[PDB]
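The chain below stands alone and is given in structure tokens; this is the form deposited in one PDB entry.
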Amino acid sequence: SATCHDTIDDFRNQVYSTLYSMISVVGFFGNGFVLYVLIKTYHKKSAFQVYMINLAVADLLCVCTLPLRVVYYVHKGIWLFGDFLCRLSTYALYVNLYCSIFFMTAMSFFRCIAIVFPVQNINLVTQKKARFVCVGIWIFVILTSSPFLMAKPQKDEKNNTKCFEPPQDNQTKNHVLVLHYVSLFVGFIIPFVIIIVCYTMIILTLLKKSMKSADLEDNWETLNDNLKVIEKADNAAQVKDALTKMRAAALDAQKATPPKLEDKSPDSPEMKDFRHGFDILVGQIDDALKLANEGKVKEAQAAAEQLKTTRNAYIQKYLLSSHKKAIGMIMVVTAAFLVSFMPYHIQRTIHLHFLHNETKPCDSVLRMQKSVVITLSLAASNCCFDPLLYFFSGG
């Protein structure tokens, strides 16, 4: 099988060396810039900022171990470093991968509560709660990825020191299969379901809030448009027609919530004054109608300008960015889950089932060894997804 192994080795060494090199550069210069900004911007403390520091740290710790993988594949697949470094480099990539998944999961759940429940949400109170979730993730990942720090050393047919190889003996094949099933369910399927559930709730909340904001702008546009009709009208019939259209628009806008009061309680003084503003405006429309019905067409135009002062002193101060930053967070994490994490966990499942099988011909082994090169490189590319999270989300 010496000819069979060397065939895939040509692809394996070329692709891994080229991809890990750019992933090391883009990862270091990307996350390094992200961490530099977050440290300088200490005055503005957010739950999103807590997850961004932790994501960059987990990436920097991984990109520092990635050039050791470059040296390995450049040197025709021979490990020039120590046995501990082979164990630590393999450990670092898994730690980073599952830290990234759990941090992006917790970030999605914390943003979901901030969007669905904006009244009970407190920016600095959730920040302290996010710090406890981060250490809870770190302690879990470090202790669960520990069997790889005490793993058996990998050797070739000519006793050559090898690294990042599939399990050799049947005992190691069993020890990693037990870890695979746990890390597939707890470390991928469940956090993926959480992201699918969280994002369904977020888009639904935003789709409703944007629609209600569109109706509020439509009612305020007609209120200003019909006010221009009254001053331009010559007869009372045109004035009375616009006032009935204005009264209907003023009642609709009174029920709807403005974007500046999304974080405020429906019984708060801010929401009570907004409703009271339209209560005076409706009364002023009816007072103008009472004069328009009397035949006083000119005198009704003065009352239409009298309610314009009420609009400026009660409804103007109430009539955002949170929607844009949430949408950006959805895209980046979804792209990271479909490109980085999903092909890795899919291929790994197919790979371990193949290794346990008795019949394994050269052509079939060639596909599995080529597929893992692609998926593991994409799994390692998760460090390139996090700098984009800063640029497209949470300010």
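Shifts are known only where both forms have a C-alpha. Residue numbers run from 1 along the displayed sequence. Here the rigid core means the biggest group of C-alpha atoms that line up within 1.5 Å when the two forms are laid on top of each other.
Beyond what is shown, the protein has a form deposited in another entry; the following relates to that form.
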After superposing the two forms on their rigid core, pick out the one entry in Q127, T200, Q168, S146 with a CA shift of 2 Å or more between the shown form and the other one. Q168
Using a rigid core alignment, state whether the CA of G136 is displaced by 2 Å or more between the shown form and the other one. no
Core-aligned, does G82 move its Cα 2 Å or more between the shown form and the other one? no
Can we say the CA of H276 moves by at least 2 Å between the shown form and the other one when the core is superposed? yes
Answer with closer or farther for the CA-CA spacing of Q168 and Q369 in the other form compared to the shown form; it moves by 3 Å or more. closer
Taking the cut-off of 3 Å or more as given, in which direction does the distance between the C-alpha atoms of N123 and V50 change in the other form, closer or farther? farther
Determine the segments between the shown form and the other one made of three or more consecutive residues whose Cα atoms all move at least 2 Å, using the rigid core for the superposition and only residues common to both forms. 4-6, 42-44, 123-125, 167-179, 266-288, 304-319, 356-359
